[PDB]
Amino acid sequence: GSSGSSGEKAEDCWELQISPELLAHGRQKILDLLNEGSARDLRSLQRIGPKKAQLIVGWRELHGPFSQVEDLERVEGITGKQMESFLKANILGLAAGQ
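Counting with my numbering, you get residues 16 to 113 for the letters of the sequence shown.
Below, the structure written as structure tokens:
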């Protein structure tokens with residue numbers, strides 16, 4: 016978690032700080048939602064909009080279910096980054112908002 020301690024040194028990686036069980040626990044939650052949840056529902060997620068949602072849905076509709084959140088990267092418009100920054104918001108947010 017980011018605090019107000021002298022440093023503010025950017026973190027190239029976050030998953031490295033988050034526990035190993037938190038990563039799986041979080042990602043999963045996001046995945047299931049991306050499968051059962053619909054565009055609108057997705058919009059609720061942090062770092063998500065009406066565009067991306069339609070992009071993640073309009074894909075599965077044909078391709079089908081996603082074997083893993085990472086799949087997002089493949090989705091047009093959404094790259095490994097955009098999807099990476101998002102996963103964090105929720106993931107890290109799950110604990111933050113305890």
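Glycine included, each C-beta is placed from N, C-alpha and C at the ideal position.
How about residue i and residue j: are their beta carbons less than 9 angstroms apart?
i	j	result
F101	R62	yes
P80	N50	yes
Check each candidate in the options and name the one with the smallest Cα separation from residue i.
i	options	result
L60	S21, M98, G16	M98
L48	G16, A68, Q32	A68
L77	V90, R58, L107, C28	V90
residue 11	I45, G79, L70	For residue 11 there is no data in the structure shown, the boundaries of the chain being 16 and 113.
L31	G16, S20, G22	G16
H40	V84, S20, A25	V84
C28	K103, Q113, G112	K103
residue 201	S21, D86, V72	The structure shown has nothing for residue 201, since the chain only spans 16 to 113.
If I'm right that residue i touches residue j with Cβ under 8 angstroms, what's the distance once you round it to whole angstroms?
i	j	result
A110	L38	That pair is no contact at about 12 angstroms.
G92	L70	5 angstroms
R58	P65	6 angstroms
Could you give the first and the last residue of the continuous alpha helix (DSSP H) run that contains residue i?
i	result
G73	65 to 78
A104	95 to 111
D56	54 to 59
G41	35 to 51
Taking Cβ positions only, does residue i come closer than 9 angstroms to chain B?
i	result
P80	Protein chains in the displayed structure number just one, and chain B is not present.
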